[PDB]
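Colleague: Please find one structure pasted underneath; my questions will follow.
Using ideal geometry, Cβ is built from the backbone for each residue, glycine included, and neighbour counts are taken over all protein chains shown. Nothing in this text is a laboratory measurement; each read-out follows from the coordinates by a stated rule.
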Amino acid sequence: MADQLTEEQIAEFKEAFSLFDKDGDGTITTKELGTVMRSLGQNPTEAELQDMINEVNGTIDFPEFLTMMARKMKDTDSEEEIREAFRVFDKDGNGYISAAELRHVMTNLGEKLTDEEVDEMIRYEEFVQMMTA
């Protein structure tokens, strides 16, 4: 699931990975992975380091690094995108002004959807959270 990743994000993370590593391949012991995470600016605890080691004997391959960063940055980007898109519907109102106002935008647009299904699901962010669950 590398599609949730941004081109600039993957470029920056590859740049950091290339700067951290020494001569040779990127496969070094898990202590190197922990130190790279510390240098990247993140605050990974011992449990996060253990999970990253288990995901990847002391070989940090670019695919495994990309996968662990994919899951982490994907959770982070999902949270950030939810927070940003909470204010995406600026035309409906200032903030969650009316249930009918949001329902009109959600039913007149969004996807090929059934008119009665939107009303049934109604009975802003709460609807998105319910749909995600």
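Colleague: Looking at this structure, is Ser39 surrounded by 11 or more Cβ atoms within 10 Å (Cβ to Cβ), within 22 Å of the chain's Cα centre (by Cα) and over 30 Å from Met130 (Cα atoms)?
Modeller: When the stated conditions are applied, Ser39 passes them.
Colleague: What are the residues in segment 10-62 that are among the hydroxyl-bearing types (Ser, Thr, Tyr) and assigned to a loop (DSSP other than H, G, I, E, B), if any?
Modeller: Scanning segment 10-62 gives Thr27, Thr29, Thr45, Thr59.
Colleague: Continuing with this model, one more query. Could you tell me which of the residues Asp77, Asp92 is acidic (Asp, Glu), surrounded by 13 or more Cβ atoms within 10 Å (Cβ to Cβ) and closer than 26 Å to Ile10 by Cβ?
Modeller: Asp77
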